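Just below is one structure, and these are the notes that go with it.
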Amino acid sequence: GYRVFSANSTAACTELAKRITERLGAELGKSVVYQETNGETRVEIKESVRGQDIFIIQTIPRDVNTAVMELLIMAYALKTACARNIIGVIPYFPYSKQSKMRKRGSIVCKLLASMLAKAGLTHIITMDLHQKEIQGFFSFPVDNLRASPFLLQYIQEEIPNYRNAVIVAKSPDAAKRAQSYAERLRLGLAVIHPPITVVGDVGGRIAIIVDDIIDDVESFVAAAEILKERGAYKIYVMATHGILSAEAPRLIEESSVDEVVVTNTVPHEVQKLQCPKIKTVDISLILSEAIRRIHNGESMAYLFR
């Protein structure tokens, strides 16, 4: 009755996983995640799995390369322990921006989705995939859960006078993600796009930028200044995956973006200390649920439609 493990080794990078299990009444599976002196990762499952369905939880904190081996290795060790089904709960899926092919490089998101299966992953639960199409990369089932319900709720919770707001897209690529918020909130929609220009009336209104990820804040800022410069009195940046790498939290302070709202899909704590401009929304409930459903064999219609 509920086998859920963390492949995390940093004990705050295990916060979300801790949280999910609280909501399931469940207790994390006992299991050491070493690091050898030479750097090699090691995983030891401290309990029997013979024939049971197991849930791994992974968050990615910066050394992304180690988080993925920890994951792969743990899966592979549970496969060897004879796990019937190995379910990856990877709220933020790493390498997910590497989903197009740029130059002579590669779609390493696909590579990862292959390796994940080799390590013996029956299927993954995740949130707000960068592109819904990426769900194709996986040779096993996926649940690409949405954060909108919660992020949307937050709009109408403590965004003062949201109805005068206008949902904005940082770039054409983000036009779709933004469209869904405008449609659901019954609000206007603009898009930015460099020669940097906004397309849409924004003036006299609170701007709300929507996107899936906030990694490198640079273009989120340039967007906020130009929005301002077109009569945007308040700027809110909304996103699912708040990785905020490098000096992003500093740059947010220095910029005119008033608030940044992300989900606890990835760990923040340090970077939201840097910048209290960053408010964070809890998502462990949607995950708690999704995990509950596939275990008991229930339907996940509620989490989608």
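So what are the three principal axis dimensions of the range 69-182 from its Cα atoms, in whole Å, longest to shortest?
56, 37, 21
Whole angstrom only: what separates the Cα centroid of the range 251-265 from the Cα centroid of the range 191-223?
Value for the Cα centre distance between the two parts: 13 Å.
From the cross-link list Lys18/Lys79; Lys97/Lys132; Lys234/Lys277, which pairs have alpha carbons spaced over 19 Å apart?
Pairs exceeding the cut-off: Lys18/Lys79.
With no solvent and one equal point scatterer placed on each C-alpha of the range 147-281, evaluate the Debye formula and give log10 I(q)/I(0) for q = 0.09, 0.15, 0.16, 0.22 Å⁻¹, two decimals.
So the normalised log intensities work out to -0.21, -0.63, -0.72, -1.44.
In the range 76-124, if every C-alpha pair distance is counted and binned at 10 Å from zero, what percent goes to each bin?
All Cα pairs considered, the percentages come to 26, 44, 23, 8, 0.
If each residue of separation counts as 0.36 nm, what is the full-extension length gain between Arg163 and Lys18 once their alpha-carbon separation is subtracted?
That works out to 48.6 nm of additional length.
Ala11 to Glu40: extension gain in nm, 0.36 nm per residue of separation minus the Cα-Cα distance?
Taking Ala11 through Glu40 to full extension adds about 8.6 nm, to one decimal.
Roughly what % antiparallel, to the nearest 5, for the DSSP beta bridges in the chain?
Approximately 20 percent, going by the DSSP bridge assignments.
Taking a ≥ b ≥ c as the square roots of the eigenvalues of the Cα gyration tensor of the range 163-206, is the shape rounded (a/c under 1.5), prolate (a/b larger than b/c) or oblate?
It comes out oblate by the Cα gyration axes.
Take the Cα pairs of the chain, get the Kirkwood Rh, then feed it into Stokes-Einstein at 10 °C and 1.306 mPa s and tell me D in µm²/s.
78 µm²/s
Since every read-out is calculated from the coordinates, none of them should be taken as a lab result.
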